[PDB]
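*Asks:* Dumping the structure here so I can ask a few things about it.
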Amino acid sequence: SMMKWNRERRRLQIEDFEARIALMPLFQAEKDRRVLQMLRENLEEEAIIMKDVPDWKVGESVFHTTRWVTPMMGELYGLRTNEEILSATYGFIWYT
Amino acid sequence: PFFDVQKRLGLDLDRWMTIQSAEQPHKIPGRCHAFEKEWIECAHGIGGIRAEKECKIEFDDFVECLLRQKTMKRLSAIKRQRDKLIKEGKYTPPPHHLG
Amino acid sequence: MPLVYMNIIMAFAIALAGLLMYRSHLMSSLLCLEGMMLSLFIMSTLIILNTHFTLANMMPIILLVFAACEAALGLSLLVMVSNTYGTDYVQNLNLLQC
Amino acid sequence: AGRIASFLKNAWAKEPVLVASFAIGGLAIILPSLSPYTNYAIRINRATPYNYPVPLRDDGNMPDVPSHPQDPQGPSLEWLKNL
Amino acid sequence: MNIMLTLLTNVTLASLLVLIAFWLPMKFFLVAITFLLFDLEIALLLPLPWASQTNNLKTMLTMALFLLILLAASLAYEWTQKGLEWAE
Amino acid sequence: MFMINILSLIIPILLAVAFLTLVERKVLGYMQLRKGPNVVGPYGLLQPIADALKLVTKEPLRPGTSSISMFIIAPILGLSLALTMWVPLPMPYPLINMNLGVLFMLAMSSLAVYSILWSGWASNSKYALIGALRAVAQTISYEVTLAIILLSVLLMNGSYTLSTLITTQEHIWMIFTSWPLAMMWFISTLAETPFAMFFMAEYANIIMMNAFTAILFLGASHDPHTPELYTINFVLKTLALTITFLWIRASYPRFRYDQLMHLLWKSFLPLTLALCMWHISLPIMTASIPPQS
Amino acid sequence: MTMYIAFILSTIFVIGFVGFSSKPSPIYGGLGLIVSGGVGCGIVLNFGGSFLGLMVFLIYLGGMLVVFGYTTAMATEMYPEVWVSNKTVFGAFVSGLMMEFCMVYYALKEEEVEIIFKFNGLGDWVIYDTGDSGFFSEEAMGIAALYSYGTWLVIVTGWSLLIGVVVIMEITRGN
Amino acid sequence: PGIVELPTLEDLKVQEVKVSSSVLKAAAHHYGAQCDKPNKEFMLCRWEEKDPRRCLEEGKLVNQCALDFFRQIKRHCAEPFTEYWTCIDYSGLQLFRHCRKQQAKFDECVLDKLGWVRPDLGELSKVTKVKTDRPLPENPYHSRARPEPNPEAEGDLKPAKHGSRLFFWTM
Amino acid sequence: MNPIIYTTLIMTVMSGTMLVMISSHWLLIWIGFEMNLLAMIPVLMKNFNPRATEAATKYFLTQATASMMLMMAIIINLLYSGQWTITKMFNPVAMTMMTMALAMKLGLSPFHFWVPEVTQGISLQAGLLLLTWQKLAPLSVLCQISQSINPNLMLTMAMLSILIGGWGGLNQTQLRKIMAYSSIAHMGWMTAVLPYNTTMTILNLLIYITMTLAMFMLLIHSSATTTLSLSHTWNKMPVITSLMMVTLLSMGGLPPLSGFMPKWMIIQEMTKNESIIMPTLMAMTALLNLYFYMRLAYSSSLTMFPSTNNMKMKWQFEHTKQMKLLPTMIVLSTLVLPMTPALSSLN
Ligand SMILES: CCCCCCCCCCCCCCCCCC(=O)OC[C@H](COP(=O)([O-])OCC[N+](C)(C)C)OC(=O)CCCCCCCCCCCCCCCCC
Ligand SMILES: CCCCCCCCCCCCCCCCCC(=O)OC[C@H](COP(=O)(O)OCCN)OC(=O)CCCCCCCCCCCCCCCCC
């Protein structure tokens, strides 16, 4: 009885995974826009806050290579409500 | 290894885990996989003496990704001036920053 | 390198210093021993999880399961030195003067 | 014959526990490479898609891969359907 | 947020109950080591439920069986050479 | 309102801890031709109130050679533990659906040994020292059978997520696949389990152990719309187990220590290993490995 | 702010270590160590180390440290000592607090001290990534690979454990 | 050390799909079947280019076709959509198990109204080829120049000149 | 110990050491050291006398401390580079941290106080294992990381070890203490050349190894534990003292007796590195080892000593041990100076 039921669950799981696969690319585009939107907002704020500094021109590439480093969580949100950081950073870990 | 017995018989004893860009289970990537791939590929067949100086920016960028040191201080001085600027009312955060 | 990362590092240093000088008790000496591996287990755990080293998560549990072989042998030596001399006091370990 | 039958009788009389555990472990470690289902077990394990099936650049002569998830080309999961 | 909140209130009611309670009015060590050695072996064979869904399951079965065979050998050895029998 | 849900659990469990004692004495009573508490209130309904407020009015004498700090925090942990493992139970929908609930249950329930160990040490008496030593070795001996049984049980479940247990059982009670383990598990639960506290600490362990055994081996059907079906089934199953738990309390001479260790390490541990070996290959044997997700 | 979860658990970990590193009573040292072991789980759990964290609670807390309580109870020195018995214990306790006070206050003020390493560091919440683990728990898949990619680490780990059994009985045998 | 190029806010304006997760998952199976080419080519950009900034127009197309996929099911049997996803949303795991009749009340339109077929098990998981205009990236990792390998030893072995040459030891 | 138990115990000690020499992963290295410690203790605790318990406790505490101190150094390397290979470490703090941890397990620097005592309490036969086989694995790791070693720290470790090795041995009478102090002095000799050349370290390893079994197992055959007890050996076994004296002479390093070969090549290699004060000092204080070497040689074969009446009894009976590998160890440790160009074989 467990043999038959367990395989049924595996057929259920792959169907659930099939839904996730068929529906993943939209979030990839959505997460793509979100982080780039959040980065552009951060740089736009940077172009408003920091002028008096001697030489801290906006948008310096910390990494020498001209690749796209995945944005680390700090400078992603960074200048936001402390609730936003707490929900974004821990979030999933604390949601229980 | 002092005695590369695994090299002779050609069986993997501890090379599966020695670096983070190996055949990870279910292809879950390391955080600095892209930078490590460049550093390893730059420093191959070159030797420790030559590669330590030649492939330097690869190691430094990969170290920065691995440690998150220099760009973290970029953020540290971002908040440093911010607290030193908005406190005396020189500028106010825009609505999206407020939430 | 974040504040917490070296909060473990000093904890290891304090644990190392506690083991590096004995006050009067071998059990207390042993307590600093696996205390050092606790930070060692702890410190490794942040590194692997932070770096997404998907295959290195092996290392922490085997770091603990092998530090136990030290501990298990550890007290089992003390039980020997505390049944001939009776007391776990470490100043009674000077019988090897010559 | 005489020794073994007496020995199992010697074992199973005073103690049934160890002979039970030895037996249960005996089947549990022999039977793995007997049934034609461990091949089935690894096949459904490989079937379960966790990461995305990233597409390949089409440039001709790969009839194996399909151009649509509805196409007959590529792997068929129907073996598990009756499994 | 939620986890330690449940822990915090749990001990707090434990605290208030006890507070009003006291304000209103070689063998033993031997197996303890064997348990320790056994318990560390338990942790090694704990991740099995996820390991049952690997793609290299053929090498899993031999390896996962190897622990239980080897763990049982430690028990079998400990039993035979007096040892595990309750010492005096 | 999530805080209200905690009190909607801790207190009734605390009352549940309070109120099955009259069940115990009257079951144990009526078993031996006796009646049990029936003179204080109707059928002893008020007997628990008859003892509790008396206990809190009794002065808590403290031994002269007792470390007060340990003597008061050992019950603190004992009650804190006894009311903490009730939180991840998949009762309808658990308060906390920890993805590693089984591990959390084991780590925090194995922590109860500290309370009894500290109580014997803090009391500082010849009786208390051995009694703590006997109790702890009996306890620390029996997680290895506990852990293996639960580990080997969960191979056919899918993960350590306690909520997944309901989906696994659904069709049949999980005992029918591991009944050799059920007797293996149930017996081990018997032995693993200030003074006013110590009633509460071990006692919630008694019910929760049977609540834990209830979900593990004798599951129910959780209808997504109506949850009362699982509530009644869960309560009824954990009541039958607890009655059995006291059914055997007054039905056998109590174990002696040398047999107590001999029973596990020579007749329980080796058989537990074999069943674990049986239940690690059988999902592979029949290609019935379960889904974790 | 619950943002204090950043340092609160880590600094409690330090004072937990100073508790037993200062050599209190072996029972008390166990108390200090399990407390540090208890809060140490929080840092791992807040990082996603559910399985690794709970194992510390299992073998380190409910295992290793319990057998220490067994040995210490067996020793039962005729006069157990307390955290006040020796002023050196208190002297180290105040000392250990002072170094962590110096580090924390230096951390909170200048953020650029140079003890041993470069130090630096804001609240820890930064170092996390912005990726997702999909449907597979990254930790669980890591340790499940023990039987898949680590079929050599297991042999040496298992063999030593059995050898761990033989040595233990060999030196406690008593002849 | 270099401009961190970031597209402006104006280009970052899509007709964002305003639907919940449950409704997304309820129609996800038919979504993948009838709208594979937008998603298939977009994520090929995401994996070949390996740069979010390099893949924006394809990000426009996937959402646009999602809206184009979410319009007919409004026009034809919007009500059967409501009942299906209002029962899917109840499940805490979005369990497809306790949604069968409502699932049947969904796909029978698209079977005859829109001419769609519910994908079978392991169909959307099939790896597929894609015909895209996009050229193959010259170096997705932005690799710089490579160091010259040390020269390989050439010429056959010869006897050591004058033997050991270790102090007075001649041969 | 049941011989099957003891044989498997030795077997995993060798396996633990062998694993160290063949493991690229840093973690596997710590495992090999962990297994080596895990089974070294029971071998010391074979006689089961209080001195053995004292020695095992000292050995375990210092080795376990260095083992996890070693583990800390690896993590820092991981913390700063994310690597696990043994090629060249990437953090100066970790360089010193592991150099301290590795060195303590060899007992050369101030981290050497265990070595004289741990060999003293334990039996002679197990002493041979401690001072010969337990000294390859830490040396094996050090050779692998010799590129990144810090010369200033490492050579300070060498100077102190040779200085303490000679000075300590001058004042000891228990010949077990003599061997350990001589071993420490030899350890400083080999340990000085890792930054310059690992090959010369290896040659110093084999020559020092063969020499120790030659001296130790000859001491086993004579069945002596003190200088006075060694004195009587001339009456019973005059031959044993004859080779034992020539081994002591070689142990000092007097040509053409091999054993001068490592000291000679060590001086030559450092001289090529423009280090010339350093070779002179160690060479000059190497004579300190010779003094107690001659002193032991004096009262064993060179001058007969007052024997005992009961010694006549020992003459009648004969040794039962087959003294395996003893003869070829003496010759290989006393006459191989002309065969020095075999240095190329090690490279
Ligand atoms: C294809 C099949 C695969 C699987 C096959 C599995 C093997 C076949 C079945 C084996 C036997 C059944 C499983 C194991 C049972 C225990 C084995 C054992 O050691 O027994 C002897 C053991 C030990 O018996 P012993 O000590 O007299 O003898 C043992 C053997 N010697 C002498 C060598 C040591 O029995 C006990 O421990 C007695 C019970 C102790 C607890 C007291 C209370 C008992 C309450 C019983 C009633 C309630 C039951 C509740 C059950 C759960 C409900 C949810
Ligand atoms: C580098 C510089 C030199 C370094 C080494 C110096 C060695 C000598 C000094 C050592 C220091 C201590 C001082 C001397 C102490 C001697 C103590 C001793 O044991 O003396 C007595 C001993 C008794 O020997 P015994 O057992 O009687 O056997 C005799 C032979 N049957 O006597 C003996 O055991 C000696 C026995 C001698 C046996 C030698 C056999 C030689 C055989 C040669 C064969 C040649 C064949 C040639 C063939 C040519 C054609 C091919």
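Just so we're on the same page: first chain in the structure tokens is A, next is B, and so on; residues restart at 1 for each chain, and ligands are numbered from 1 in the order they show up.
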Would you mind listing what lies within 7 Å of region 7-9 of chain G as number ranges by chain, with only C-alpha atoms counted and same-chain residues fewer than 3 positions away left out?

*Replies:* C: 4; G: 4, 12-13, 39, 42-43

*Asks:* Collect all residues with atoms no farther than 7 Å from ligand 2, counting only C-alpha atoms and all ligand atoms, and output them as a ChimeraX atom specification.

*Replies:* /I:237-243,245-246,256-257,301-302

*Asks:* Can you pull out the residues contacting region 3-14 of chain E? Cut-off 6 Å, using only C-alpha atoms, and skip same-chain residues under 6 positions away; I want them as a count of residues only.

*Replies:* 3

*Asks:* Report as a PyMOL selection string which protein, DNA and RNA residues come within 6 Å of ligand 1, using only C-alpha atoms and all ligand atoms.

*Replies:* (chain D and resi 15+17+20) or (chain F and resi 180+182-184+186-187+263+267-268)

*Asks:* Would you save the residues of that selection, restricted to C-alpha atoms, as a short mmCIF file (atom, residue, chain, number, x, y, z; two decimals), in the first residue's frame?

*Replies:*
```cif
data_model
loop_
_atom_site.label_atom_id
_atom_site.label_comp_id
_atom_site.auth_asym_id
_atom_site.auth_seq_id
_atom_site.Cartn_x
_atom_site.Cartn_y
_atom_site.Cartn_z
CA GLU D 15 17.70 -16.32 21.64
CA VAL D 17 16.54 -11.63 18.76
CA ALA D 20 16.11 -12.14 13.78
CA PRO F 180 7.94 -4.30 14.51
CA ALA F 182 6.01 0.41 16.75
CA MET F 183 6.59 -1.97 19.65
CA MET F 184 10.25 -1.02 19.33
CA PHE F 186 6.52 2.41 22.15
CA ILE F 187 8.59 0.51 24.72
CA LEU F 263 17.35 -5.14 27.28
CA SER F 267 18.04 -7.20 22.59
CA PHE F 268 16.77 -3.80 21.34
#
```

*Asks:* Residues near residue 42 (chain H), anyone? I mean within 9 Å using only C-alpha atoms, not counting same-chain ones fewer than 6 positions away, as a ChimeraX atom specification.

*Replies:* /A:25,29 /H:55-59,61-62

*Asks:* Could the residues in this selection be written to a file with C-alpha atoms, as an mmCIF file, in the first residue's frame?

*Replies:*
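Here's the written file again33.cif:
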```cif
data_model
loop_
_atom_site.group_PDB
_atom_site.id
_atom_site.type_symbol
_atom_site.label_atom_id
_atom_site.label_comp_id
_atom_site.auth_asym_id
_atom_site.auth_seq_id
_atom_site.Cartn_x
_atom_site.Cartn_y
_atom_site.Cartn_z
ATOM 1 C CA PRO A 25 10.703 32.352 -16.239
ATOM 2 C CA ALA A 29 12.176 38.462 -15.572
ATOM 3 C CA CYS H 55 18.305 40.706 -21.411
ATOM 4 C CA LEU H 56 15.621 43.400 -21.207
ATOM 5 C CA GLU H 57 13.619 43.291 -24.448
ATOM 6 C CA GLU H 58 13.035 39.563 -23.982
ATOM 7 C CA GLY H 59 11.883 40.477 -20.482
ATOM 8 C CA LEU H 61 8.104 39.857 -24.376
ATOM 9 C CA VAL H 62 7.541 37.252 -21.648
#
```

*Asks:* Could you please select, counting only C-alpha atoms, the residues of chain B within 9 Å of chain D and state them as a short mmCIF file (atom, residue, chain, number, x, y, z; two decimals) with N, CA, C and O atoms, in the first residue's frame?

*Replies:*
```cif
data_model
loop_
_atom_site.label_atom_id
_atom_site.label_comp_id
_atom_site.auth_asym_id
_atom_site.auth_seq_id
_atom_site.Cartn_x
_atom_site.Cartn_y
_atom_site.Cartn_z
N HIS B 26 22.97 18.61 -7.76
CA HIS B 26 21.86 19.27 -8.45
C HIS B 26 22.26 20.62 -9.04
O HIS B 26 21.40 21.49 -9.25
N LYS B 27 23.55 20.80 -9.30
CA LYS B 27 24.08 22.00 -9.96
C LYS B 27 23.73 23.28 -9.22
O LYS B 27 23.52 24.33 -9.84
N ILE B 28 23.65 23.23 -7.89
CA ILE B 28 23.49 24.44 -7.10
C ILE B 28 24.83 25.16 -7.07
O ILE B 28 25.83 24.60 -6.60
#
```

*Asks:* Under the rule of at most 7 Å, produce a per-residue listing of chain C near chain I: chain, number, name, the closest pair of atoms, and the distance in Å, as JSON lines, using only C-alpha atoms.

*Replies:*
```
{"residue": "C:37", "atom": "CA", "partner": "I:68", "partner_atom": "CA", "distance": 6.8}
{"residue": "C:40", "atom": "CA", "partner": "I:72", "partner_atom": "CA", "distance": 6.5}
{"residue": "C:44", "atom": "CA", "partner": "I:75", "partner_atom": "CA", "distance": 6.4}
{"residue": "C:47", "atom": "CA", "partner": "I:79", "partner_atom": "CA", "distance": 6.6}
{"residue": "C:69", "atom": "CA", "partner": "I:38", "partner_atom": "CA", "distance": 6.8}
{"residue": "C:70", "atom": "CA", "partner": "I:38", "partner_atom": "CA", "distance": 6.9}
{"residue": "C:77", "atom": "CA", "partner": "I:57", "partner_atom": "CA", "distance": 6.6}
{"residue": "C:81", "atom": "CA", "partner": "I:53", "partner_atom": "CA", "distance": 6.7}
{"residue": "C:93", "atom": "CA", "partner": "I:54", "partner_atom": "CA", "distance": 6.2}
{"residue": "C:96", "atom": "CA", "partner": "I:51", "partner_atom": "CA", "distance": 6.4}
```

*Asks:* Might you pull out every residue within 6 Å of region 56-71 of chain D, with only C-alpha atoms counted and same-chain residues fewer than 4 positions away left off, and present them as a PDB file with N, CA, C and O atoms, in the first residue's frame?

*Replies:*
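Written out: result24.pdb:
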```
ATOM      1  N   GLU H 123       6.418  16.932 -19.515  1.00  0.00           N
ATOM      2  CA  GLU H 123       6.405  17.583 -20.817  1.00  0.00           C
ATOM      3  C   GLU H 123       7.045  18.961 -20.782  1.00  0.00           C
ATOM      4  O   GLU H 123       7.895  19.270 -21.621  1.00  0.00           O
ATOM      5  N   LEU H 124       6.661  19.800 -19.817  1.00  0.00           N
ATOM      6  CA  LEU H 124       7.307  21.097 -19.665  1.00  0.00           C
ATOM      7  C   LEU H 124       8.735  20.970 -19.156  1.00  0.00           C
ATOM      8  O   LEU H 124       9.518  21.915 -19.301  1.00  0.00           O
ATOM      9  N   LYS H 126      10.841  18.917 -20.441  1.00  0.00           N
ATOM     10  CA  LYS H 126      11.669  18.539 -21.576  1.00  0.00           C
ATOM     11  C   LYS H 126      12.572  19.698 -21.974  1.00  0.00           C
ATOM     12  O   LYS H 126      12.111  20.833 -22.126  1.00  0.00           O
ATOM     13  N   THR H 128      14.450  21.816 -24.612  1.00  0.00           N
ATOM     14  CA  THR H 128      14.017  22.106 -25.969  1.00  0.00           C
ATOM     15  C   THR H 128      14.993  23.050 -26.654  1.00  0.00           C
ATOM     16  O   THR H 128      15.735  23.788 -26.002  1.00  0.00           O
ATOM     17  N   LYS H 129      14.986  23.009 -27.982  1.00  0.00           N
ATOM     18  CA  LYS H 129      15.777  23.925 -28.785  1.00  0.00           C
ATOM     19  C   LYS H 129      14.979  25.193 -29.080  1.00  0.00           C
ATOM     20  O   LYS H 129      13.747  25.207 -29.036  1.00  0.00           O
ATOM     21  N   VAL H 130      15.703  26.270 -29.378  1.00  0.00           N
ATOM     22  CA  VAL H 130      15.098  27.577 -29.611  1.00  0.00           C
ATOM     23  C   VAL H 130      15.779  28.240 -30.799  1.00  0.00           C
ATOM     24  O   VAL H 130      17.009  28.219 -30.911  1.00  0.00           O
ATOM     25  N   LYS H 131      14.980  28.831 -31.684  1.00  0.00           N
ATOM     26  CA  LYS H 131      15.496  29.587 -32.819  1.00  0.00           C
ATOM     27  C   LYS H 131      15.451  31.072 -32.482  1.00  0.00           C
ATOM     28  O   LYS H 131      14.369  31.667 -32.423  1.00  0.00           O
TER      29      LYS H 131
END
```

*Asks:* Enumerate as a PyMOL selection string the residues belonging to chain H that approach chain I to within 8 Å, with only C-alpha atoms taken into account.

*Replies:* chain H and resi 164+166+169

*Asks:* Hey, can you spit out that residue selection with N, CA, C and O atoms as an mmCIF file, in the first residue's frame?

*Replies:*
```
data_model
loop_
_atom_site.group_PDB
_atom_site.id
_atom_site.type_symbol
_atom_site.label_atom_id
_atom_site.label_comp_id
_atom_site.auth_asym_id
_atom_site.auth_seq_id
_atom_site.Cartn_x
_atom_site.Cartn_y
_atom_site.Cartn_z
ATOM 1 N N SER H 164 77.835 13.024 -11.256
ATOM 2 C CA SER H 164 77.031 13.624 -10.195
ATOM 3 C C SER H 164 77.321 15.111 -10.041
ATOM 4 O O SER H 164 76.406 15.902 -9.783
ATOM 5 N N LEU H 166 78.714 16.421 -7.590
ATOM 6 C CA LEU H 166 78.471 16.714 -6.181
ATOM 7 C C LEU H 166 79.805 16.572 -5.455
ATOM 8 O O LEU H 166 80.176 15.482 -5.015
ATOM 9 N N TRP H 169 82.695 13.586 -5.802
ATOM 10 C CA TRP H 169 82.071 12.425 -6.424
ATOM 11 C C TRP H 169 82.024 12.601 -7.934
ATOM 12 O O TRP H 169 81.290 13.452 -8.445
#
```

*Asks:* Tell me which protein, DNA and RNA residues are within 10 Å of residue 28 (chain C), counting only C-alpha atoms, leaving out same-chain ones fewer than 6 positions away, and put them as a PyMOL selection string.

*Replies:* (chain C and resi 18-19+22+88) or (chain G and resi 20-30+68+72)

*Asks:* Using N, CA and C atoms, can you export the residues from the last selection as a CSV table (one decimal), in the first residue's frame?

*Replies:*
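Listed below is the output, out.csv:
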```csv
chain,number,residue,atom,x,y,z
C,18,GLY,N,41.8,29.7,27.7
C,18,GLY,CA,41.3,28.9,28.8
C,18,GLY,C,41.9,27.5,28.9
C,19,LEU,N,42.1,26.9,27.7
C,19,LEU,CA,42.7,25.6,27.7
C,19,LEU,C,44.3,25.8,27.8
C,22,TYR,N,45.9,26.0,32.9
C,22,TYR,CA,45.0,25.2,33.8
C,22,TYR,C,44.9,25.9,35.1
C,88,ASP,N,40.9,14.5,39.9
C,88,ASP,CA,41.2,15.0,38.6
C,88,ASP,C,42.1,16.2,38.7
G,20,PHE,N,32.9,29.5,30.8
G,20,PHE,CA,33.6,28.3,31.2
G,20,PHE,C,35.1,28.3,30.9
G,21,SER,N,35.6,29.2,30.0
G,21,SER,CA,37.0,29.3,29.7
G,21,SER,C,37.7,29.8,31.0
G,22,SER,N,37.0,30.6,31.8
G,22,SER,CA,37.6,31.1,33.1
G,22,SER,C,37.7,30.0,34.1
G,23,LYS,N,37.4,28.7,33.8
G,23,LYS,CA,37.5,27.6,34.6
G,23,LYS,C,36.6,27.7,35.9
G,24,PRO,N,35.3,27.7,35.7
G,24,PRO,CA,34.4,27.6,36.9
G,24,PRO,C,34.3,26.1,37.3
G,25,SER,N,33.4,25.8,38.2
G,25,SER,CA,33.1,24.4,38.5
G,25,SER,C,32.8,23.6,37.3
G,26,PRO,N,33.2,22.4,37.2
G,26,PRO,CA,33.0,21.6,36.0
G,26,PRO,C,31.5,21.5,35.6
G,27,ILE,N,30.6,21.4,36.6
G,27,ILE,CA,29.2,21.5,36.4
G,27,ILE,C,28.9,22.9,35.8
G,28,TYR,N,29.4,24.0,36.4
G,28,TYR,CA,29.2,25.3,36.0
G,28,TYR,C,29.8,25.6,34.6
G,29,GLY,N,30.9,25.0,34.4
G,29,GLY,CA,31.5,25.1,33.0
G,29,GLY,C,30.6,24.5,32.0
G,30,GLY,N,30.0,23.3,32.3
G,30,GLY,CA,29.0,22.7,31.5
G,30,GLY,C,27.8,23.6,31.2
G,68,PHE,N,29.8,14.7,29.8
G,68,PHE,CA,30.6,15.6,30.6
G,68,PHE,C,30.0,15.7,32.0
G,72,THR,N,31.7,14.5,35.5
G,72,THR,CA,31.8,15.5,36.6
G,72,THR,C,31.0,15.0,37.8
```

*Asks:* Dump as a PyMOL selection string the residues of chain A that approach chain H to within 12 Å, counting only C-alpha atoms.

*Replies:* chain A and resi 8-44+56-71

*Asks:* Which residues of chain A are close to chain F, meaning at most 6 Å apart when you count only C-alpha atoms, and how do they look as a VMD selection string?

*Replies:* chain A and resid 3 6 to 7 10 96

*Asks:* Given the selection you just returned, output its residues as a file containing C-alpha atoms, formatted as an mmCIF file, in the first residue's frame.

*Replies:*
```cif
data_model
loop_
_atom_site.group_PDB
_atom_site.id
_atom_site.type_symbol
_atom_site.label_atom_id
_atom_site.label_comp_id
_atom_site.auth_asym_id
_atom_site.auth_seq_id
_atom_site.Cartn_x
_atom_site.Cartn_y
_atom_site.Cartn_z
ATOM 1 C CA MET A 3 4.547 1.392 -2.476
ATOM 2 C CA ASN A 6 4.505 6.777 -2.572
ATOM 3 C CA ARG A 7 4.792 6.559 -6.362
ATOM 4 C CA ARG A 10 6.204 11.242 -6.807
ATOM 5 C CA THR A 96 7.456 29.799 10.805
#
```

*Asks:* Would you list which chain C residues are within 7 Å of chain G using only C-alpha atoms, as a list in words?

*Replies:*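 The contacting residues on chain C are residues 1, 2, 3, 4, 7, 11, 14, 15, 18, 23, 27, 28, 31, 32, 35, 45, 46, 49, 50, 54, 55, 57, 58, 69, 73 and 76 of chain C.
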
*Asks:* Near residue 65 (chain E), counting only C-alpha atoms, which residues have an atom at most 9 Å away, once you skip same-chain residues fewer than 2 positions from it, shown as a ChimeraX atom specification?

*Replies:* /D:28-29 /E:60-63,67-70 /F:277,280-281

*Asks:* Have a look at CA of residue 47 (chain F) and CA of residue 22 (chain F) and let me know their distance in Å, one decimal.

*Replies:*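 Interatomic distance here is 7.0 Å.
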